[PDB]
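Next up, upload-v8.cif (mmCIF, C-alpha atoms):
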data_final
loop_
_atom_site.group_PDB
_atom_site.id
_atom_site.type_symbol
_atom_site.label_atom_id
_atom_site.label_comp_id
_atom_site.auth_asym_id
_atom_site.auth_seq_id
_atom_site.Cartn_x
_atom_site.Cartn_y
_atom_site.Cartn_z
ATOM 1 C CA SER V 257 -16.807 6.876 23.185
ATOM 2 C CA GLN V 258 -16.216 3.187 22.186
ATOM 3 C CA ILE V 259 -14.593 1.412 19.228
ATOM 4 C CA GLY V 260 -15.155 -2.077 17.774
ATOM 5 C CA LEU V 261 -12.086 -3.626 16.083
ATOM 6 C CA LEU V 262 -12.865 -6.193 13.384
ATOM 7 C CA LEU V 263 -9.901 -8.363 12.455
ATOM 8 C CA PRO V 264 -9.096 -11.997 11.680
ATOM 9 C CA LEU V 265 -7.422 -13.198 14.849
ATOM 10 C CA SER V 266 -7.586 -16.940 14.267
ATOM 11 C CA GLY V 267 -7.571 -19.168 11.202
ATOM 12 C CA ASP V 268 -6.756 -17.803 7.745
ATOM 13 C CA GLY V 269 -5.638 -14.241 8.176
ATOM 14 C CA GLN V 270 -4.586 -14.569 11.835
ATOM 15 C CA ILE V 271 -1.016 -13.260 11.246
ATOM 16 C CA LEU V 272 -2.468 -10.258 9.410
ATOM 17 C CA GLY V 273 -4.971 -9.425 12.121
ATOM 18 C CA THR V 274 -2.733 -10.016 15.105
ATOM 19 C CA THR V 275 0.046 -7.894 13.616
ATOM 20 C CA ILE V 276 -2.336 -5.028 12.769
ATOM 21 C CA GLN V 277 -3.804 -5.366 16.245
ATOM 22 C CA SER V 278 -0.352 -4.996 17.806
ATOM 23 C CA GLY V 279 0.276 -1.761 15.902
ATOM 24 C CA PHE V 280 -3.196 -0.487 16.806
ATOM 25 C CA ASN V 281 -2.830 -1.282 20.464
ATOM 26 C CA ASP V 282 0.672 0.169 20.746
ATOM 27 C CA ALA V 283 -0.562 3.392 19.108
ATOM 28 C CA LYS V 284 -3.646 3.430 21.383
ATOM 29 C CA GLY V 285 -1.324 3.460 24.394
ATOM 30 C CA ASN V 286 -3.082 4.666 27.501
ATOM 31 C CA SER V 287 -6.262 5.749 25.757
ATOM 32 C CA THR V 288 -9.410 5.783 27.845
ATOM 33 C CA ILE V 289 -11.502 4.841 24.800
ATOM 34 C CA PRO V 290 -12.689 1.252 25.230
ATOM 35 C CA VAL V 291 -12.056 -1.064 22.297
ATOM 36 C CA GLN V 292 -14.034 -4.276 21.894
ATOM 37 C CA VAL V 293 -12.337 -6.820 19.680
ATOM 38 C CA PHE V 294 -14.300 -8.958 17.209
ATOM 39 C CA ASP V 295 -12.510 -11.866 15.591
ATOM 40 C CA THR V 296 -13.935 -12.015 12.065
ATOM 41 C CA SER V 297 -12.761 -15.635 11.745
ATOM 42 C CA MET V 298 -15.215 -16.710 14.459
ATOM 43 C CA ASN V 299 -18.352 -14.738 13.690
ATOM 44 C CA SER V 300 -19.957 -13.352 10.562
ATOM 45 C CA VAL V 301 -19.610 -9.650 9.755
ATOM 46 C CA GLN V 302 -23.377 -9.289 9.954
ATOM 47 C CA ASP V 303 -23.508 -10.801 13.440
ATOM 48 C CA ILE V 304 -20.545 -8.748 14.638
ATOM 49 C CA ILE V 305 -22.183 -5.495 13.552
ATOM 50 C CA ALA V 306 -25.349 -6.529 15.447
ATOM 51 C CA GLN V 307 -23.314 -7.273 18.576
ATOM 52 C CA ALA V 308 -21.499 -3.972 18.275
ATOM 53 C CA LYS V 309 -24.677 -1.970 17.905
ATOM 54 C CA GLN V 310 -26.296 -3.633 20.907
ATOM 55 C CA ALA V 311 -23.162 -2.879 22.980
ATOM 56 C CA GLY V 312 -23.599 0.805 22.163
ATOM 57 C CA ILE V 313 -20.658 0.911 19.795
ATOM 58 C CA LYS V 314 -20.909 3.543 17.050
ATOM 59 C CA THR V 315 -17.399 3.417 15.625
ATOM 60 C CA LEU V 316 -15.728 0.421 13.881
ATOM 61 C CA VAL V 317 -12.217 -0.205 12.609
ATOM 62 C CA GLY V 318 -12.192 -3.039 10.052
ATOM 63 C CA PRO V 319 -13.011 -5.494 8.647
ATOM 64 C CA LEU V 320 -9.841 -6.496 6.796
ATOM 65 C CA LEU V 321 -10.472 -9.312 4.290
ATOM 66 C CA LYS V 322 -12.033 -8.552 0.920
ATOM 67 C CA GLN V 323 -14.797 -11.111 1.453
ATOM 68 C CA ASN V 324 -15.703 -9.358 4.722
ATOM 69 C CA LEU V 325 -15.897 -5.939 3.174
ATOM 70 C CA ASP V 326 -18.074 -7.516 0.407
ATOM 71 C CA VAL V 327 -20.771 -8.107 3.076
ATOM 72 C CA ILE V 328 -20.976 -4.440 4.011
ATOM 73 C CA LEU V 329 -20.838 -3.355 0.331
ATOM 74 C CA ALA V 330 -23.726 -5.740 -0.446
ATOM 75 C CA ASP V 331 -25.906 -4.287 2.397
ATOM 76 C CA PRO V 332 -24.559 -0.918 3.540
ATOM 77 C CA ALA V 333 -27.750 -0.091 5.503
ATOM 78 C CA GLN V 334 -26.585 -2.213 8.428
ATOM 79 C CA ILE V 335 -23.900 0.371 9.342
ATOM 80 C CA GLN V 336 -26.249 3.371 9.221
ATOM 81 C CA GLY V 337 -25.542 5.599 12.216
ATOM 82 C CA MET V 338 -21.960 4.333 12.602
ATOM 83 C CA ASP V 339 -18.536 5.575 11.636
ATOM 84 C CA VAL V 340 -16.614 2.753 9.923
ATOM 85 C CA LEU V 341 -12.985 2.704 8.826
ATOM 86 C CA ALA V 342 -12.810 -0.397 6.659
ATOM 87 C CA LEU V 343 -9.310 -1.868 6.335
ATOM 88 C CA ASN V 344 -9.696 -2.803 2.718
ATOM 89 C CA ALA V 345 -10.451 -1.132 -0.580
ATOM 90 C CA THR V 346 -11.384 -1.492 -4.254
ATOM 91 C CA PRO V 347 -10.099 0.746 -7.063
ATOM 92 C CA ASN V 348 -13.685 1.352 -8.208
ATOM 93 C CA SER V 349 -16.160 1.435 -5.324
ATOM 94 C CA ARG V 350 -19.041 3.716 -4.325
ATOM 95 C CA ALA V 351 -19.515 6.506 -1.790
ATOM 96 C CA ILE V 352 -21.272 5.416 1.397
ATOM 97 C CA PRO V 353 -21.745 8.017 4.097
ATOM 98 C CA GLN V 354 -19.630 7.482 7.227
ATOM 99 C CA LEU V 355 -17.654 4.677 5.504
ATOM 100 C CA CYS V 356 -13.979 5.335 4.800
ATOM 101 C CA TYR V 357 -11.492 2.863 3.328
ATOM 102 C CA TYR V 358 -7.871 2.323 4.412
ATOM 103 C CA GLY V 359 -5.903 -0.254 2.528
ATOM 104 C CA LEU V 360 -2.196 -0.320 1.965
ATOM 105 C CA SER V 361 -2.816 -0.757 -1.637
ATOM 106 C CA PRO V 362 -0.408 -1.138 -4.518
ATOM 107 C CA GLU V 363 -2.574 1.365 -6.386
ATOM 108 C CA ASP V 364 -1.374 3.955 -3.815
ATOM 109 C CA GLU V 365 2.176 3.159 -4.706
ATOM 110 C CA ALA V 366 1.545 3.378 -8.474
ATOM 111 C CA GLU V 367 0.055 6.817 -8.090
ATOM 112 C CA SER V 368 3.170 7.834 -6.060
ATOM 113 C CA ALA V 369 5.393 6.482 -8.835
ATOM 114 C CA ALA V 370 3.591 8.546 -11.467
ATOM 115 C CA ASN V 371 4.089 11.658 -9.306
ATOM 116 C CA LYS V 372 7.757 10.855 -8.632
ATOM 117 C CA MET V 373 8.648 10.067 -12.249
ATOM 118 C CA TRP V 374 6.859 13.133 -13.557
ATOM 119 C CA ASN V 375 8.705 15.363 -10.987
ATOM 120 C CA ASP V 376 12.006 13.737 -11.948
ATOM 121 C CA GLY V 377 11.466 14.795 -15.565
ATOM 122 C CA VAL V 378 10.494 11.378 -16.954
ATOM 123 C CA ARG V 379 8.466 11.454 -20.135
ATOM 124 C CA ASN V 380 6.913 8.474 -22.004
ATOM 125 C CA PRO V 381 7.432 5.994 -19.167
ATOM 126 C CA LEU V 382 7.216 2.277 -19.837
ATOM 127 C CA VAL V 383 4.936 0.716 -17.209
ATOM 128 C CA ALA V 384 5.390 -3.059 -16.862
ATOM 129 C CA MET V 385 2.602 -4.761 -14.925
ATOM 130 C CA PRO V 386 2.065 -8.494 -14.349
ATOM 131 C CA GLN V 387 -0.514 -9.962 -16.701
ATOM 132 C CA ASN V 388 -3.241 -10.544 -14.129
ATOM 133 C CA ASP V 389 -6.131 -8.688 -12.509
ATOM 134 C CA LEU V 390 -3.934 -6.985 -9.952
ATOM 135 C CA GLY V 391 -1.581 -5.759 -12.685
ATOM 136 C CA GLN V 392 -4.515 -4.346 -14.562
ATOM 137 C CA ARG V 393 -5.762 -2.520 -11.429
ATOM 138 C CA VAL V 394 -2.360 -1.141 -10.534
ATOM 139 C CA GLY V 395 -1.598 -0.125 -14.120
ATOM 140 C CA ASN V 396 -4.911 1.716 -14.290
ATOM 141 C CA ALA V 397 -4.025 3.609 -11.122
ATOM 142 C CA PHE V 398 -0.730 4.658 -12.671
ATOM 143 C CA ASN V 399 -2.415 5.635 -15.924
ATOM 144 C CA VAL V 400 -5.134 7.748 -14.329
ATOM 145 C CA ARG V 401 -2.474 9.717 -12.403
ATOM 146 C CA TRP V 402 -0.238 10.046 -15.429
ATOM 147 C CA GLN V 403 -3.166 11.393 -17.462
ATOM 148 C CA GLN V 404 -3.592 14.108 -14.806
ATOM 149 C CA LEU V 405 0.126 15.037 -14.727
ATOM 150 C CA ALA V 406 1.179 14.635 -18.345
ATOM 151 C CA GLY V 407 -2.110 15.131 -20.183
ATOM 152 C CA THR V 408 -1.594 11.865 -22.072
ATOM 153 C CA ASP V 409 -1.852 8.104 -21.455
ATOM 154 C CA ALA V 410 0.981 6.018 -20.003
ATOM 155 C CA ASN V 411 2.478 3.093 -21.927
ATOM 156 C CA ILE V 412 1.120 0.192 -19.892
ATOM 157 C CA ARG V 413 2.330 -3.236 -20.876
ATOM 158 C CA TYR V 414 1.730 -6.643 -19.312
ATOM 159 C CA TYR V 415 4.521 -9.176 -18.785
ATOM 160 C CA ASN V 416 4.306 -12.887 -18.306
ATOM 161 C CA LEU V 417 8.057 -13.416 -18.026
ATOM 162 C CA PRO V 418 10.597 -10.854 -16.958
ATOM 163 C CA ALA V 419 12.257 -11.034 -20.419
ATOM 164 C CA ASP V 420 9.050 -9.593 -21.892
ATOM 165 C CA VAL V 421 10.033 -6.201 -20.486
ATOM 166 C CA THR V 422 13.077 -6.090 -22.782
ATOM 167 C CA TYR V 423 10.756 -6.885 -25.679
ATOM 168 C CA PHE V 424 8.586 -3.922 -24.747
ATOM 169 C CA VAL V 425 11.601 -1.615 -24.937
ATOM 170 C CA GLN V 426 12.700 -3.083 -28.311
ATOM 171 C CA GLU V 427 9.181 -2.746 -29.776
ATOM 172 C CA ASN V 428 8.996 0.930 -28.953
ATOM 173 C CA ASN V 429 10.890 3.820 -30.594
ATOM 174 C CA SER V 430 14.425 4.420 -29.267
ATOM 175 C CA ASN V 431 13.246 6.735 -26.561
ATOM 176 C CA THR V 432 12.213 4.639 -23.569
ATOM 177 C CA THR V 433 14.133 6.418 -20.798
ATOM 178 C CA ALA V 434 12.405 5.058 -17.667
ATOM 179 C CA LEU V 435 10.521 2.058 -16.411
ATOM 180 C CA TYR V 436 7.976 1.525 -13.646
ATOM 181 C CA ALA V 437 7.801 -2.180 -12.828
ATOM 182 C CA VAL V 438 5.733 -4.096 -10.325
ATOM 183 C CA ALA V 439 7.419 -7.406 -9.606
ATOM 184 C CA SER V 440 9.030 -9.544 -6.923
ATOM 185 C CA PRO V 441 12.590 -8.672 -5.918
ATOM 186 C CA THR V 442 14.189 -11.467 -7.922
ATOM 187 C CA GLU V 443 11.885 -10.782 -10.915
ATOM 188 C CA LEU V 444 12.944 -7.213 -10.878
ATOM 189 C CA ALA V 445 16.596 -8.264 -10.690
ATOM 190 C CA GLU V 446 15.958 -10.705 -13.663
ATOM 191 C CA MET V 447 14.383 -7.851 -15.638
ATOM 192 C CA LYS V 448 17.156 -5.411 -14.968
ATOM 193 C CA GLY V 449 19.857 -7.920 -15.946
ATOM 194 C CA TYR V 450 18.173 -8.450 -19.339
ATOM 195 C CA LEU V 451 17.794 -4.703 -19.884
ATOM 196 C CA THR V 452 21.522 -4.048 -19.281
ATOM 197 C CA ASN V 453 22.381 -5.177 -22.855
ATOM 198 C CA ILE V 454 19.538 -3.015 -24.306
ATOM 199 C CA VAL V 455 19.161 0.223 -22.321
ATOM 200 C CA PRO V 456 21.934 0.179 -19.680
ATOM 201 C CA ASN V 457 21.043 3.679 -18.349
ATOM 202 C CA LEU V 458 17.322 3.089 -17.952
ATOM 203 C CA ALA V 459 15.864 4.829 -14.911
ATOM 204 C CA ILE V 460 14.095 2.010 -13.034
ATOM 205 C CA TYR V 461 11.342 2.613 -10.494
ATOM 206 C CA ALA V 462 9.560 -0.102 -8.531
ATOM 207 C CA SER V 463 7.113 -0.632 -5.684
ATOM 208 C CA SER V 464 7.667 -1.889 -2.170
ATOM 209 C CA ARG V 465 7.172 -5.420 -3.473
ATOM 210 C CA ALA V 466 10.775 -5.122 -4.745
ATOM 211 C CA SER V 467 12.049 -4.666 -1.157
ATOM 212 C CA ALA V 468 12.154 -7.817 0.994
ATOM 213 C CA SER V 469 14.344 -8.923 3.848
ATOM 214 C CA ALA V 470 16.000 -11.950 2.213
ATOM 215 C CA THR V 471 17.195 -10.078 -0.860
ATOM 216 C CA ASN V 472 18.003 -6.779 0.845
ATOM 217 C CA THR V 473 20.625 -8.534 3.009
ATOM 218 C CA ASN V 474 22.218 -10.082 -0.098
ATOM 219 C CA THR V 475 25.276 -8.158 -1.327
ATOM 220 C CA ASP V 476 25.038 -9.488 -4.891
ATOM 221 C CA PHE V 477 21.376 -8.481 -5.083
ATOM 222 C CA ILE V 478 22.040 -4.970 -3.868
ATOM 223 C CA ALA V 479 24.781 -4.647 -6.494
ATOM 224 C CA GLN V 480 22.561 -5.931 -9.283
ATOM 225 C CA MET V 481 19.919 -3.434 -8.200
ATOM 226 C CA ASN V 482 22.223 -0.412 -8.037
ATOM 227 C CA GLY V 483 20.303 2.720 -9.091
ATOM 228 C CA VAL V 484 16.806 1.244 -8.737
ATOM 229 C CA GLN V 485 14.421 3.471 -6.809
ATOM 230 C CA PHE V 486 11.371 2.098 -5.002
ATOM 231 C CA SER V 487 8.519 3.289 -2.834
ATOM 232 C CA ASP V 488 7.905 2.163 0.731
ATOM 233 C CA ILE V 489 6.448 3.426 3.969
ATOM 234 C CA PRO V 490 8.295 6.205 5.847
ATOM 235 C CA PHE V 491 8.539 3.923 8.878
ATOM 236 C CA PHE V 492 11.670 2.395 7.327
ATOM 237 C CA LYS V 493 13.646 5.691 7.138
ATOM 238 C CA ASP V 494 15.240 5.235 10.547
ATOM 239 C CA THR V 495 15.910 1.669 11.670
ATOM 240 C CA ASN V 496 18.432 2.303 14.486
ATOM 241 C CA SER V 497 16.147 2.700 17.501
ATOM 242 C CA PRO V 498 15.629 0.015 20.142
ATOM 243 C CA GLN V 499 11.921 0.102 19.322
ATOM 244 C CA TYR V 500 12.526 -0.608 15.664
ATOM 245 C CA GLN V 501 15.058 -3.335 16.473
ATOM 246 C CA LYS V 502 12.617 -5.016 18.861
ATOM 247 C CA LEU V 503 9.839 -5.026 16.222
ATOM 248 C CA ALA V 504 12.291 -6.359 13.620
ATOM 249 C CA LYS V 505 13.210 -9.180 15.998
ATOM 250 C CA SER V 506 9.551 -9.992 16.815
ATOM 251 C CA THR V 507 8.646 -10.146 13.079
ATOM 252 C CA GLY V 508 11.636 -12.193 12.056
ATOM 253 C CA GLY V 509 12.831 -9.246 10.004
ATOM 254 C CA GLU V 510 9.841 -9.550 7.641
ATOM 255 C CA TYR V 511 9.023 -6.232 6.062
ATOM 256 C CA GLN V 512 5.512 -7.339 5.114
ATOM 257 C CA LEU V 513 4.696 -7.871 8.799
ATOM 258 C CA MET V 514 6.242 -4.549 9.820
ATOM 259 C CA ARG V 515 4.125 -2.797 7.195
ATOM 260 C CA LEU V 516 1.012 -4.415 8.729
ATOM 261 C CA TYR V 517 2.139 -3.244 12.201
ATOM 262 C CA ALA V 518 2.455 0.287 10.816
ATOM 263 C CA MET V 519 -0.997 -0.018 9.233
ATOM 264 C CA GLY V 520 -2.495 -0.776 12.637
ATOM 265 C CA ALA V 521 -0.814 2.231 14.132
ATOM 266 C CA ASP V 522 -2.162 4.491 11.361
ATOM 267 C CA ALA V 523 -5.653 3.002 11.756
ATOM 268 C CA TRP V 524 -5.646 4.368 15.329
ATOM 269 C CA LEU V 525 -4.515 7.764 14.007
ATOM 270 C CA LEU V 526 -7.204 7.778 11.336
ATOM 271 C CA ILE V 527 -10.162 6.575 13.412
ATOM 272 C CA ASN V 528 -9.605 9.388 15.915
ATOM 273 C CA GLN V 529 -9.620 11.945 13.107
ATOM 274 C CA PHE V 530 -12.462 10.251 11.178
ATOM 275 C CA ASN V 531 -14.771 13.258 10.969
ATOM 276 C CA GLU V 532 -11.910 15.551 9.942
ATOM 277 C CA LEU V 533 -10.839 13.171 7.215
ATOM 278 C CA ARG V 534 -14.316 13.240 5.811
ATOM 279 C CA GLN V 535 -15.016 16.972 6.255
ATOM 280 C CA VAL V 536 -11.808 18.969 5.706
ATOM 281 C CA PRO V 537 -10.758 19.449 2.074
ATOM 282 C CA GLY V 538 -7.046 18.678 1.426
ATOM 283 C CA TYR V 539 -6.795 17.171 4.904
ATOM 284 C CA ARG V 540 -3.547 15.341 5.419
ATOM 285 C CA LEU V 541 -2.061 13.238 8.226
ATOM 286 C CA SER V 542 1.538 12.201 8.633
ATOM 287 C CA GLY V 543 1.441 8.480 9.264
ATOM 288 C CA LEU V 544 3.844 5.562 9.569
ATOM 289 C CA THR V 545 2.516 4.265 6.240
ATOM 290 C CA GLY V 546 2.721 7.528 4.316
ATOM 291 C CA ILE V 547 1.203 11.005 4.159
ATOM 292 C CA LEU V 548 -2.506 10.083 4.371
ATOM 293 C CA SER V 549 -5.355 11.844 2.646
ATOM 294 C CA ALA V 550 -8.901 11.031 1.571
ATOM 295 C CA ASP V 551 -10.388 11.183 -1.904
ATOM 296 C CA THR V 552 -13.994 12.029 -2.744
ATOM 297 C CA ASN V 553 -15.207 8.520 -1.835
ATOM 298 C CA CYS V 554 -13.217 8.661 1.477
ATOM 299 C CA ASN V 555 -10.678 6.190 0.190
ATOM 300 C CA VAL V 556 -7.482 6.928 2.072
ATOM 301 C CA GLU V 557 -4.568 7.519 -0.249
ATOM 302 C CA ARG V 558 -0.852 7.433 0.687
ATOM 303 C CA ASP V 559 2.072 9.618 -0.365
ATOM 304 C CA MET V 560 5.031 7.208 -0.299
ATOM 305 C CA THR V 561 8.650 7.591 0.643
ATOM 306 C CA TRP V 562 11.292 6.789 -1.988
ATOM 307 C CA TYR V 563 14.393 4.689 -1.395
ATOM 308 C CA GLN V 564 17.292 3.759 -3.690
ATOM 309 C CA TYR V 565 19.920 1.048 -3.966
ATOM 310 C CA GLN V 566 23.200 2.993 -3.938
ATOM 311 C CA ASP V 567 26.762 1.669 -3.739
ATOM 312 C CA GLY V 568 25.937 -1.284 -1.507
ATOM 313 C CA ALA V 569 23.323 0.359 0.670
ATOM 314 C CA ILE V 570 19.626 1.233 0.653
ATOM 315 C CA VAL V 571 19.196 4.964 1.234
ATOM 316 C CA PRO V 572 16.240 7.312 1.344
ATOM 317 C CA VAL V 573 16.054 9.486 -1.756
ATOM 318 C CA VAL V 574 16.824 13.151 -1.206
#
What does this structure look like when you write it as structure tokens?
Amino acid sequence: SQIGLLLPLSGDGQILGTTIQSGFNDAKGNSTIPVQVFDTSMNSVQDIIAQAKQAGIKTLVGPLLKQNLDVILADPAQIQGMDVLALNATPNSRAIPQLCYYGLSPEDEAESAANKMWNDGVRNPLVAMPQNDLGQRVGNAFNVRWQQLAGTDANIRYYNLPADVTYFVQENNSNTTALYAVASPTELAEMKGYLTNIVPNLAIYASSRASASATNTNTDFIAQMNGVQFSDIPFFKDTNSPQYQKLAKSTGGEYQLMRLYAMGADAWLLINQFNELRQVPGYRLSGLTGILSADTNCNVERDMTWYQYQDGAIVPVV
């Protein structure tokens, strides 16, 4: 009947919220469902939920920022009687009825990498995570999936400097055949250049963090990265259309903003199928940000698309 959209639309987070909102609104199109917008930078989450309720709103999309979600997680009773698609997640959170979580998380991408590598015949992968909390969380996501596929733990290591990854290879037996690395584009390029002298035929897999506008339009970078495969959203498969070109112009070519646009679009898709997502086992939706499904805690997971640097171009993997 009515939706409340909770996003940061001013202050810190404004570019995130306004870009998600654009995707959401473009997806919504000519919908007759009214959407009331609540700027989470100008009111507390608690007060917004009270406003929404008193307006007769029973369905929310958002909030986005971790600190905002923290409020709901600290007092989930305030959303009783509502359907809420939060736009954030935590690798280890609880089940709350009528709450689902939709983050574009790097954990999603790690799980996809485990699946991909396993299907490609990789065994004993080296998994190189940054030595920080995020690296720990993403590595754990990889490991849990690998345990399911392979029946054994993954070799998770934590780098401080890109050269550490070559140490990891040298410290292991002679049978490291593939690497999953989470790193910036240049870091990944630094890593790969060191590994050339050590394991020049290493199969390298990376996340979407390795794919950025500035480096992907650099010929030398693309050459350095030849053979590297990485995950990203399926939105980037076909970039020729006027609609894609117009979005690329509006975002200054920034992939991170286009991913947020796509997230908003998929939030519209998901909120309209909220009950189905919760109730139908093995439910899947084809979205701009991946093939979407829900785990037991109604955390939305994403099946990623794979891309590869190949002879001067970036091409979807067949």
Got a sec to resolve the PyMOL selection byres ((chain V and resi 274-278) around 12) on this structure and send the residues as an MDAnalysis selection string? chainID V and resid 260:273 279:285 291:297 317:320 343 359:360 503 506:507 510:524
Proximity to residue 534 (chain V) - best of V:457, V:471, V:399, V:553, all atoms listed in the file: V:553
CA of residue 298 (chain V) to CA of residue 338 (chain V), distance in Å rounded to a single decimal: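 Taking CA of residue 298 (chain V) and CA of residue 338 (chain V), their separation equals 22.2 Å.
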Using the chain letters and residue numbers of this document, give as a PyMOL selection string the residues selected by the PyMOL selection byres ((chain V and resi 488) around 12). chain V and resi 360-362+364-366+368-369+461-468+485-487+489-493+511-512+514-515+518+544-547+558-564+570-573
So that I have them on file, write out the residues from the current selection with C-alpha atoms, as a PDB file, in the coordinates of the input.
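Ended up saving to part_26.pdb:
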ATOM      1  CA  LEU V 360      -2.196  -0.320   1.965  1.00  0.00           C
ATOM      2  CA  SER V 361      -2.816  -0.757  -1.637  1.00  0.00           C
ATOM      3  CA  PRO V 362      -0.408  -1.138  -4.518  1.00  0.00           C
ATOM      4  CA  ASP V 364      -1.374   3.955  -3.815  1.00  0.00           C
ATOM      5  CA  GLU V 365       2.176   3.159  -4.706  1.00  0.00           C
ATOM      6  CA  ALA V 366       1.545   3.378  -8.474  1.00  0.00           C
ATOM      7  CA  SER V 368       3.170   7.834  -6.060  1.00  0.00           C
ATOM      8  CA  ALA V 369       5.393   6.482  -8.835  1.00  0.00           C
ATOM      9  CA  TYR V 461      11.342   2.613 -10.494  1.00  0.00           C
ATOM     10  CA  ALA V 462       9.560  -0.102  -8.531  1.00  0.00           C
ATOM     11  CA  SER V 463       7.113  -0.632  -5.684  1.00  0.00           C
ATOM     12  CA  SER V 464       7.667  -1.889  -2.170  1.00  0.00           C
ATOM     13  CA  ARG V 465       7.172  -5.420  -3.473  1.00  0.00           C
ATOM     14  CA  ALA V 466      10.775  -5.122  -4.745  1.00  0.00           C
ATOM     15  CA  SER V 467      12.049  -4.666  -1.157  1.00  0.00           C
ATOM     16  CA  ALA V 468      12.154  -7.817   0.994  1.00  0.00           C
ATOM     17  CA  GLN V 485      14.421   3.471  -6.809  1.00  0.00           C
ATOM     18  CA  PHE V 486      11.371   2.098  -5.002  1.00  0.00           C
ATOM     19  CA  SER V 487       8.519   3.289  -2.834  1.00  0.00           C
ATOM     20  CA  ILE V 489       6.448   3.426   3.969  1.00  0.00           C
ATOM     21  CA  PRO V 490       8.295   6.205   5.847  1.00  0.00           C
ATOM     22  CA  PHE V 491       8.539   3.923   8.878  1.00  0.00           C
ATOM     23  CA  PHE V 492      11.670   2.395   7.327  1.00  0.00           C
ATOM     24  CA  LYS V 493      13.646   5.691   7.138  1.00  0.00           C
ATOM     25  CA  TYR V 511       9.023  -6.232   6.062  1.00  0.00           C
ATOM     26  CA  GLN V 512       5.512  -7.339   5.114  1.00  0.00           C
ATOM     27  CA  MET V 514       6.242  -4.549   9.820  1.00  0.00           C
ATOM     28  CA  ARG V 515       4.125  -2.797   7.195  1.00  0.00           C
ATOM     29  CA  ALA V 518       2.455   0.287  10.816  1.00  0.00           C
ATOM     30  CA  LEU V 544       3.844   5.562   9.569  1.00  0.00           C
ATOM     31  CA  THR V 545       2.516   4.265   6.240  1.00  0.00           C
ATOM     32  CA  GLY V 546       2.721   7.528   4.316  1.00  0.00           C
ATOM     33  CA  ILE V 547       1.203  11.005   4.159  1.00  0.00           C
ATOM     34  CA  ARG V 558      -0.852   7.433   0.687  1.00  0.00           C
ATOM     35  CA  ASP V 559       2.072   9.618  -0.365  1.00  0.00           C
ATOM     36  CA  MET V 560       5.031   7.208  -0.299  1.00  0.00           C
ATOM     37  CA  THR V 561       8.650   7.591   0.643  1.00  0.00           C
ATOM     38  CA  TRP V 562      11.292   6.789  -1.988  1.00  0.00           C
ATOM     39  CA  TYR V 563      14.393   4.689  -1.395  1.00  0.00           C
ATOM     40  CA  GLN V 564      17.292   3.759  -3.690  1.00  0.00           C
ATOM     41  CA  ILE V 570      19.626   1.233   0.653  1.00  0.00           C
ATOM     42  CA  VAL V 571      19.196   4.964   1.234  1.00  0.00           C
ATOM     43  CA  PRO V 572      16.240   7.312   1.344  1.00  0.00           C
ATOM     44  CA  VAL V 573      16.054   9.486  -1.756  1.00  0.00           C
TER      45      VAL V 573
END
For residue 569 (chain V), work out the shell of residues within 9 Å, counting all atoms listed in the file and skipping chain neighbours fewer than 5 positions away, then give it as a PyMOL selection string. chain V and resi 472+475+478-479+482+564
Å distance separating CA of residue 549 (chain V) from CA of residue 496 (chain V), one decimal place: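 It comes out at 28.2 Å.
When you apply the PyMOL selection byres ((chain V and resi 415) around 6) to this structure, what comes back is residues 386, 387, 414, 416, 417 and 420 of chain V.
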Polymer residues at most 10 Å from residue 391 (chain V), only C-alpha atoms, same-chain spacing of 3 or more positions, as a PyMOL selection string: chain V and resi 362-363+384-388+394-397+412-415+438-439
From the list V:390, V:460, V:405, V:329, which residue is nearest residue 347 (chain V) when using all atoms listed in the file? V:390
Would you compute the distance between CA of residue 532 (chain V) and CA of residue 341 (chain V)? Give it in Å to one decimal.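 Value for the CA of residue 532 (chain V)-CA of residue 341 (chain V) distance: 12.9 Å.
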Give the answer as one residue: which of V:401, V:454, V:556, V:354 has the shortest atom-to-atom distance to residue 426 (chain V), using all atoms listed in the file? V:454
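Distance check against residue 528 (chain V) using all atoms listed in the file: of V:259, V:321, V:470, V:548, the minimum falls on V:259.
Considering the residues V:431, V:555, V:418, V:424 and counting all atoms listed in the file, residue 380 (chain V) has its shortest atom-to-atom contact with V:431.
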At a cut-off of 7 Å, using all atoms listed in the file, what residues contact residue 339 (chain V)? Leave out same-chain residues fewer than 4 positions from it and give the result as a ChimeraX atom specification. /V:314-316,354-355
File for region 505-509 of chain V (N, CA, C and O atoms), as a compact mmCIF listing (two decimals), in the first residue's frame:
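Full text of part22.txt as output:
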# COMPACT_ATOMS: atom_id res chain seq x y z
N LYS V 505 27.79 8.94 -17.64
CA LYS V 505 28.11 10.37 -17.68
C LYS V 505 27.71 11.05 -16.38
O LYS V 505 28.50 11.83 -15.82
N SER V 506 26.52 10.74 -15.85
CA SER V 506 26.00 11.38 -14.64
C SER V 506 26.87 11.05 -13.40
O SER V 506 26.93 11.84 -12.46
N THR V 507 27.50 9.87 -13.41
CA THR V 507 28.30 9.41 -12.26
C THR V 507 29.78 9.70 -12.45
O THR V 507 30.63 9.19 -11.72
N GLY V 508 30.11 10.43 -13.50
CA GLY V 508 31.52 10.65 -13.76
C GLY V 508 32.30 9.38 -14.02
O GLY V 508 33.51 9.34 -13.80
N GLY V 509 31.62 8.33 -14.47
CA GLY V 509 32.27 7.10 -14.84
C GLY V 509 32.61 6.23 -13.63
O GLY V 509 33.22 5.19 -13.79
